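Novice: Below: one structure in structure tokens.
Basis: the model, the stated rules and, where named, an outside source; these are not laboratory values. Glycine gets a Cβ as well: all are built from the backbone with ideal geometry, and neighbour counts include every protein chain shown.
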Amino acid sequence: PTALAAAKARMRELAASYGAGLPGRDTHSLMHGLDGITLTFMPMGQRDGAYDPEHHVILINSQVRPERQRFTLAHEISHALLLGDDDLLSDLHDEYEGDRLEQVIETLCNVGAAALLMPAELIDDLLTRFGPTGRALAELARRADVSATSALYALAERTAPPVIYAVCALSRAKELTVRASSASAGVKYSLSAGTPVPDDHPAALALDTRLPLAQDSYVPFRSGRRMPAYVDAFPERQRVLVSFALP
Ligand SMILES: [Cl-]
Ligand SMILES: [Zn+2]
Ligand SMILES: [Zn+2]
């Protein structure tokens, strides 16, 4: 493991610790875990949040939607722990400099955000009950209380057997488009955003019929090739969360 992989590993260990000692990862319990810090909600123009370690206070744009609010929180807690760990903080300072480290730390805040909001356990608990499916994703996203995109990467990172996740939305069965996408450990096939969803494809039917599905099908590679694999489409508020277990 290289520095960026060692740092991320560390940051996960950290989120893991802080979080571990929480009665859940709900926004309110994330707050209680704050070892005496002023958490203030207020309008921050076009800025989701900030963390002020001199005045020991996290600020979270109140304007924004609960989704990003909860995340911007998880994100700024993570930032606080990084500054807490003098090693991860130090090792970092001797490997990156200037904006280069700045980018690295806002990256490690996101790695940690996810570790906080989406416990390894939960992913596996769901990956066990529901397997690697478009519903394992629908459940983790609704259950950790984060976005399909936020839960798209977390779930694909615990999935062993080659699989390809993707969260979908309409163009306007009806015709939909790939928005986010995630490859399991094994997979090297890539399903990028903008890729469209044929009307005959299970997933379309799924979101159209506002009804879950699951059947052998194919990965509708934007390019043109229809690669077969077991799809599980889970529709909901106009998003079709879907899995593509490449055989
Ligand atoms: Cl930030
Ligand atoms: Zn920050
Ligand atoms: Zn940040």
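Novice: Pairs please, first residue from region 74-91 and within 15 Å of ligand 1 (Cβ to nearest atom), second anywhere and of a type in the set (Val, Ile, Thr) and outside any helix (DSSP H, G or I), Cβ atoms under 6 Å, 6+ apart in sequence or on different chains.
Specialist: What qualifies is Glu76/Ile58.
Novice: Just for region 92-115: of the residues that are of a type outside the set (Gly, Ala, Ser) and out of contact with any helix residue (DSSP H, G or I) (no Cβ under 7 Å at 6 or more places or on another chain), which one is surrounded by the most Cβ atoms within 10 Å (Cβ to Cβ)?
Specialist: Of region 92-115, the ones of a type outside the set (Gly, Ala, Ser) are 92-97, 99-111.
Next, only the ones that are out of contact with any helix residue (DSSP H, G or I) (no Cβ under 7 Å at 6 or more places or on another chain) stay: 94, 97, 99-100, 102-103, 106-107.
Numbers: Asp94: 9, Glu97: 10, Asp99: 8, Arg100: 9, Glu102: 11, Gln103: 11, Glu106: 12, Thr107: 14.
The selected residue is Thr107.
Novice: Would you please name the residue that is farthest from the chain's Cα centre (by Cα), looking only at residues in region 72-88 that are among the hydrophobic types (A, V, I, L, M, F, W, C) and closer than 14 Å to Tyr51 by Cβ? Quick ask: steps written out before the conclusion?
Specialist: Applying the first criterion (among the hydrophobic types (A, V, I, L, M, F, W, C)) to region 72-88 yields 73-74, 77, 80-83, 88.
From what's left, closer than 14 Å to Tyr51 by Cβ: 73-74, 77, 80-83.
On the way: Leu73: 14, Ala74: 12, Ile77: 16, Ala80: 20, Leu81: 20, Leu82: 20, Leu83: 23 Å.
Within region 72-88, the match that is farthest from the chain's Cα centre (by Cα) is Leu83.
Novice: Moving to a separate point now. Counting only residues that are within 14 Å of ligand 3 (Cβ to nearest atom) and over 19 Å from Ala144 (Cα atoms), give me the strands (runs of 3 or more DSSP E) lying completely in region 32-77 with at least 1 of them. Walk me through how you get there before you give the answer.
Specialist: On the way: elements: 38-42, 49-52, 57-61.
Once the strands (runs of 3 or more DSSP E) in region 32-77 are filtered for at least 1 residues that are within 14 Å of ligand 3 (Cβ to nearest atom) and over 19 Å from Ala144 (Cα atoms), what remains is 49-52, 57-61.
Novice: Report the residue count in region 127-143 for those that are in a helix (DSSP H, G or I) and surrounded by 24 or more Cβ atoms within 10 Å (Cβ to Cβ). Can you show your working first?
Specialist: Of region 127-143, the ones in a helix (DSSP H, G or I) are 127-129, 134-143.
Checking which are surrounded by 24 or more Cβ atoms within 10 Å (Cβ to Cβ) leaves us with 134, 136-138, 140-141.
Residues in region 127-143 being in a helix (DSSP H, G or I) and surrounded by 24 or more Cβ atoms within 10 Å (Cβ to Cβ): 6 in total.
Novice: Okay, next question. Out of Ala50, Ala7, report the one residue that is within 16 Å of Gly84 (Cβ to Cβ), in the same structural domain as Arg68 (by CATH) and hydrophobic (A, V, I, L, M, F, W, C).
Specialist: On the way: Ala50 fails: within 16 Å of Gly84 (Cβ to Cβ).
Being within 16 Å of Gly84 (Cβ to Cβ), in the same structural domain as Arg68 (by CATH) and hydrophobic (A, V, I, L, M, F, W, C) holds for just one of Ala50, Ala7, which is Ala7.
Novice: Take the residues in region 207-225 that are within 16 Å of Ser192 (Cβ to Cβ) and of a type in the set (D, E, K, R); name whichever of them is surrounded by the fewest Cβ atoms within 10 Å (Cβ to Cβ).
Specialist: In this case the residue turns out to be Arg225.
Novice: Against the condition more than 17 Å from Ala6 (Cα to Cα) and either within 14 Å of ligand 1 (Cβ to nearest atom) or in contact with a strand residue (DSSP E or B) (Cβ under 8 Å, 6 or more places away or on another chain) (or both), how does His55 come out, does it pass? First the steps, then the outcome.
Specialist: Details: more than 17 Å from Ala6 (Cα to Cα): yes; either within 14 Å of ligand 1 (Cβ to nearest atom) or in contact with a strand residue (DSSP E or B) (Cβ under 8 Å, 6 or more places away or on another chain) (or both): yes.
Against the criterion (more than 17 Å from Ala6 (Cα to Cα) and either within 14 Å of ligand 1 (Cβ to nearest atom) or in contact with a strand residue (DSSP E or B) (Cβ under 8 Å, 6 or more places away or on another chain) (or both)), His55 qualifies.
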